[PDB]
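Comments concern the structure below.
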Amino acid sequence: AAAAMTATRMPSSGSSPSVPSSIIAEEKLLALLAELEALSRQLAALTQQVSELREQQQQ
Amino acid sequence: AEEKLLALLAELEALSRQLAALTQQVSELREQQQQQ
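Protein chains in written order, with the authors' numbering: chain S, 68 to 76, 82 to 131; chain R, 97 to 132.
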């Protein structure tokens, strides 16, 4: 009634960026698709000359 | 610094296949010189 009455008396907000580091970029990209063919070409050339041992030993 | 490993890994495997081609192919000389 008196004394104190003179003054006065959720779910999901879904953030995303959190506490990780900063990020950067560059545009000098992508030789790498050539080596996948270099590697599998030269791999064949190994077997090709293993065959050239065998095809001369068989003579 | 991630993509720089993705190069280096393909680089070391290219060196391995190239050294395999060398160290295999020299054995044709070792046969042909024995055959002569």
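Every residue, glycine too, gets a C-beta built ideally from N, C-alpha and C.
{"Asked": "Quick check on the burial criterion: 16 or more other C-beta atoms within 10 angstroms. Buried or exposed for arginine 113 of chain R?", "Found": "buried"}
{"Asked": "Could you please give the first and the last residue of the uninterrupted alpha helix (DSSP H) stretch that includes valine 122 of chain R?", "Found": "99-130"}
{"Asked": "Between the Cα of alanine 110 of chain R and the Cα atoms of S:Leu101, S:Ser88, S:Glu127 and S:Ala110, which residue gives the shortest distance?", "Found": "S:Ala110"}
{"Asked": "Would you mind giving the Cβ-Cβ distance between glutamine 121 of chain S and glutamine 129 of chain R, rounded to the nearest angstrom? I have them listed as a contact below 8 Å.", "Found": "Not a contact, Cβ separation roughly 16 Å."}
{"Asked": "Verify the CB distance criterion: does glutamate 124 of chain S have a CB-CB separation below 8 Å to chain R?", "Found": "yes"}
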